[PDB]
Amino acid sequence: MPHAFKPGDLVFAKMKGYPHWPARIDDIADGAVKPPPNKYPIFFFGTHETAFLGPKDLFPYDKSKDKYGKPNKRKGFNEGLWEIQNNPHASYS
């Protein structure tokens, strides 16, 4: 059975106006800005941007990849597909 989201989990994350996007739940570094309550820090592969999202916008990657893991015209998207499949836990700083 599912647990709650934890750092390191791989997802497609949904933002208004954008396709479901390859992403991971990030850790929060010591001294770094924390997310609002009930939100997680989401790192978006390809763009390398961070937003704060709740579970309603987070789709586990294994279950969802057949639907959402297809190339997209959007900037950074196909780079993001490579990252989530080939090195999802690397440092992209």
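All residue numbers are counted from 1 along the displayed sequence.
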query = For the stretches 78 to 86 and 65 to 73, which has the higher mean C-alpha B-factor as given in the deposited record?
reply = 65 to 73
key: Stretch exceeding the other in mean C-alpha B-factor - 30 to 38, 55 to 63   = 30 to 38
Position of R24 among the chain's modelled residues by C-alpha B-factor, lowest, middle or highest third = lowest
note = Chain thirds by Cα B factor, record data; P7 belongs to the middle
